[PDB]
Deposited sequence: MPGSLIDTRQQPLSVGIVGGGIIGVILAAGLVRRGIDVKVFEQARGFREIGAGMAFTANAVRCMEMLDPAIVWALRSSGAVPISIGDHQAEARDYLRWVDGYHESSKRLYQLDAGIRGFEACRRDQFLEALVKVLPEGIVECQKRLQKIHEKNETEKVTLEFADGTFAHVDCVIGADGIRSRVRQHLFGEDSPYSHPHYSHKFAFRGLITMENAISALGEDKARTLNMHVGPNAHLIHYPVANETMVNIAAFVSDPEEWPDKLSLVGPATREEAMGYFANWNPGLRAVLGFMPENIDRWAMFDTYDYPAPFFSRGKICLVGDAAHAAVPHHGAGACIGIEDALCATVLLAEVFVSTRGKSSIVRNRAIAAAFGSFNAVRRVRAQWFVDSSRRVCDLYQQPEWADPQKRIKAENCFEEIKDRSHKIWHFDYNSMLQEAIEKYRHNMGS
């Protein structure tokens, strides 16, 4: 027969993983708890877009048909600005090259992706409650909350930051089963490009900028074809977060209080927002990172494995690499065990998930820490004191090192290492 893979979670990574798997002949089901919803925006590095292409070129097509339509060709730049002093001097700039980042709306991209898939791959209102493992040779059983069941040769948790599949591995009372608070949260909202331009200038208004300063920072970029500018404003919170929901209503005047000393251009951007906005809490896996991404015939991927604070803007890139590593590994399982017994085929699954863990965990968990580390540098208290300016500006070399370690990932090597580890684990 073929090999069946139950993917729990119909987010970006689950659906991309699925698309890569069916394009290779693997039987896939995606179980998503929500009711065909996408209830925001995200960005991919050029490296991740090449990973997408290797999964299935239609994915990249979906990405670019969802987004927008932009004489020479523009290079993509991360830029940092002093947010605290009126100097508002441009501190640093990182060149990511042509189409170094490519952008979509999360909900439009997912919709396009599912159109690309065969029919009846995605099952909605399928909330996983329990996993029943048995022998390596038996199918794994998924139990859902509406009383239904599925049977699959192996299981992938693409079920996000609050992964149920993760709870199964470490235990519901283990801190390793849950995310925890980064003691930061963000205000988000939009403003008119005209308003934006009014406060920052046409040049700042039309590019992405991080404004640094003490214990907080703010980022903004143009959206909806340079008519609107999106604002995300991040602040510190010495208090624990109450089951209070991670997202919640807030007001512009609350956000303005945190930036009261900051420079006037920046305080304006804030004042031009709707009176009512969101407050998103930033949880992640930093405090209690997974001891393993895989056990037996169960593998975590994306935010289920390594959910990160969003301050490299690449968290979903790490998950796309995961998807590619898991797709290529399971393809090698399919082809190398094709004529063999049920025992070899199930051993090979476990051997592949063992290779996955071996090759992906260090980089994924490095990235989770890195995402906190760079937030710290964007929020150094010494951005306040102009006599500590050399110290504070010295951070950018490390930011650059970390950025390039993300963007320049050698995924061909990862795949090679993974195939080699798979074959080793099989006794070969």
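Inset, instruction - Provide the list of deposited-sequence positions lacking C-alpha coordinates, grouped into contiguous ranges. - result: Several regions go unmodelled: 1 to 10, 50 to 51, 83 to 88, 261.
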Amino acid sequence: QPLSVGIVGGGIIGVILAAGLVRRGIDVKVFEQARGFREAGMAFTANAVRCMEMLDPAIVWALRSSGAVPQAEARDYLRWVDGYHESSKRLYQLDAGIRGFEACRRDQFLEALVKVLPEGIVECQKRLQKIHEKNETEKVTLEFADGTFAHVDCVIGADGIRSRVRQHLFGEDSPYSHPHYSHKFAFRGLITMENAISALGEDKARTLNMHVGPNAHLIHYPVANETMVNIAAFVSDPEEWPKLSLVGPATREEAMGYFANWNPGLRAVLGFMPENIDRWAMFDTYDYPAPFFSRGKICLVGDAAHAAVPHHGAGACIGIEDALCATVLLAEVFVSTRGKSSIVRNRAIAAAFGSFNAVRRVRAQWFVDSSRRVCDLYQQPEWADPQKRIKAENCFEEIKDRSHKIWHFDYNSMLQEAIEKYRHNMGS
From here on, numbers count along this sequence of modelled residues.
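Legend entry - Mean temperature factor over C-alpha atoms, higher-scoring stretch between 383 to 391 and 398 to 406: The stretch with the larger mean CA B-factor is 383 to 391.
Legend entry - Segment of higher mean CA temperature factor, 101 to 109 or 324 to 332: Of 324 to 332 and 101 to 109, the stretch with the higher C-alpha B-factor average is 101 to 109.
Inset, instruction - Name the one of 145, 290, 301, 81 with the greatest CA B-factor according to the PDB entry. - result: Highest C-alpha B-factor among the listed residues goes to 145.
Inset, instruction - Determine which member of 63, 368, 46, 68 has the highest CA B-factor, using the values in the deposited entry. - result: Each of 63, 368, 46, 68 was compared by C-alpha B-factor; the highest is 68.
Legend entry - Cα B factor band for residue 26 (lowest, middle or highest third within the chain): It belongs to the lowest third of the chain when residues are ordered by C-alpha B-factor.
Inset, instruction - Check where residue 123 lands among this chain's C-alpha B-factors and tell me if it's the lowest, middle or highest third. - result: Within its chain, residue 123 is a middle-third residue by C-alpha B-factor, going by the deposited values.
Inset, instruction - Compare the C-alpha B factor of residue 39 with those of the other modelled residues in its chain, then answer lowest, middle or highest third. - result: Answer is highest: the recorded C-alpha B-factor places it there.
Legend entry - CA B-factor ranking of residue 177, expressed as a third of its chain: It belongs to the lowest third of the chain when residues are ordered by C-alpha B-factor.
Legend entry - residue 232 by Cα B-factor - lowest, middle or highest third of the modelled chain: It belongs to the middle third of the chain when residues are ordered by C-alpha B-factor.
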